[PDB]
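Before any questions on binding or motion, here is one chain by itself as structure tokens, the form deposited in one PDB entry.
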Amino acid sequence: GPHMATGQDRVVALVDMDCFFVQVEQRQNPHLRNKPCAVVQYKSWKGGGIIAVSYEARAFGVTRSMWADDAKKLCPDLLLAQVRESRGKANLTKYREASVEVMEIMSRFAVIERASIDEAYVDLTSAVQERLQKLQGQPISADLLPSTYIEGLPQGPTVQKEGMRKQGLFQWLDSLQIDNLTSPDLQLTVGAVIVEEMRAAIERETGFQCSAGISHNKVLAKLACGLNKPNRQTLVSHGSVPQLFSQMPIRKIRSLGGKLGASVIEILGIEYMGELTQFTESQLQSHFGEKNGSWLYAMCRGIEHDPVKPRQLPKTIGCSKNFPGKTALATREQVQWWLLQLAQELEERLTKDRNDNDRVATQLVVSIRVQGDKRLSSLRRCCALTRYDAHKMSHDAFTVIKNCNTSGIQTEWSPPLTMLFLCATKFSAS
């Protein structure tokens, strides 16, 4: 009734860079612009593994994780850029630096939560309120929203995409109740205006295009973002949720893409997000737990409370490399030399981090994977990180894992290791 909270208290956006690693390489190398192209790492095995794909190459069926040799069969004109390789491993510094370019521009507009190397959530609630007094009941021109889609519109009584976009926007803006400064729909619209400006600034100042979702929480914003990629933004209002969720496969909602989402489908015998509404909160808690049940009950009604955390810096700094198949490390010397390669890159990045961001890591986490174990980590151990010194860090890492070696011979390492992973954590101000 009147006491039902509707999850319309915030304006939250999720910005995601379109094929981000490709854009970085394309800005640097104009010959790659506006062409089917992909970013590859390690040219030797099958041409290297593809980790980013331009939208031109996506039209041929090229995808992430594909071998480049196989992508060329689908797309013979595919152009490739290689990831930097340092100390025998992929080095992502160029993309980290490009990411900082984007995050700093976004930070001028509102509070940012860095969600990945190329995505950030944005809490626009405060900026919207401020803009609502500076605007003074002025109606919002469609010209302030030139790349915005209104999910669910047009409805009711044009055969080209831009024509549909405009008609839905016009239908949205004509219905808009501008005098009520507390209309959630008006707030979202103002949020979208600000995101148009933020996205124009990113493009003007870096050359990078991105997509965005604008809604009332993080889950809807993230979902909204992908509805109209690339170089577009989508507003998902509270009212759009029943129709949108009615055919929305459960696995598309953030955090339901894995085992939990699969057991929702199997235990309840449903396919789409909106079908969750027919169960009571207690029923959902009995099947999935107190916290998963509460979360699902509200989320299938468009409601979610996870805050945009004010954090632009990662909380851990990590270095890892896999050694698949025949390349698995099988002698003590190999294990030690690779720990040293990881420790050396880690020291470089930590020292950079200590000068840029006034903090030091205090704990080193060492993670390995053993041959035949299909888990991400076979084993995790920690030690103190007191000195940004690569030889000390690699030696201590070796110390805390060496007893895992079941080999009778000193030369050897068994079982062979298919991953080494060094992660600096537990930062303190400095």
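In case it trips you up, residue 1 is the first one in the sequence shown, and so on. Rigid core (definition): largest C-alpha set, two forms, superposition within 1.5 Å.
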(request) Using what the record says, work out whether there is a hole in the model between residue 157 and residue 158 and how many deposited residues it spans (none, 1 to 3, 4 to 9, 10 or more). (result) 4 to 9
(message) When the Cα temperature factors in the entry are averaged, is it 301-309 or 250-258 that ends up higher?
(response) 301-309
(request) Averaging only over Cα atoms, indicate whether 27-35 or 398-406 has the higher B-factor in the PDB entry. (result) 398-406
(message) In terms of recorded Cα temperature factor, pick the maximum from 131, 96, 238, 199.
(response) 131
(request) Report the option among 151, 174, 203, 271 whose CA atom has the maximum B-factor in the deposited record. (result) 174
(message) Please say which third, lowest, middle or highest, residue 378 falls into when its CA temperature factor is compared across its chain.
(response) highest
(request) Select lowest, middle or highest to describe the third in which the CA B-factor of residue 245 falls within its chain in this entry. (result) lowest
(request) Give the position of residue 208 by CA B-factor within its chain, expressed as the lowest, middle or highest third. (result) lowest
(request) Relative to the other modelled residues of the same chain, rank the CA B-factor of residue 324 and answer lowest, middle or highest third. (result) highest
(request) State the tercile, meaning the lowest, middle or highest third, of residue 168 with respect to the CA B-factors recorded for its chain. (result) lowest
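What comes next is about the form deposited in another entry, which does not appear here.
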(message) Shifts of 2 Å or more at the CA atom, core superposed, between the shown form and the other one: which of the listed residues 265, 90, 178, 144 is the one?
(response) 178
(message) Having a change of 3 Å or more in the C-alpha distance between residue 191 and residue 178, I'd like to know whether it is closer or farther in the other form than in the form here.
(response) farther
(request) Note whether the distance between the C-alpha atoms of residue 181 and residue 224 decreases (closer) or increases (farther) in the other form, against the displayed form; the change is 3 Å or more. (result) closer
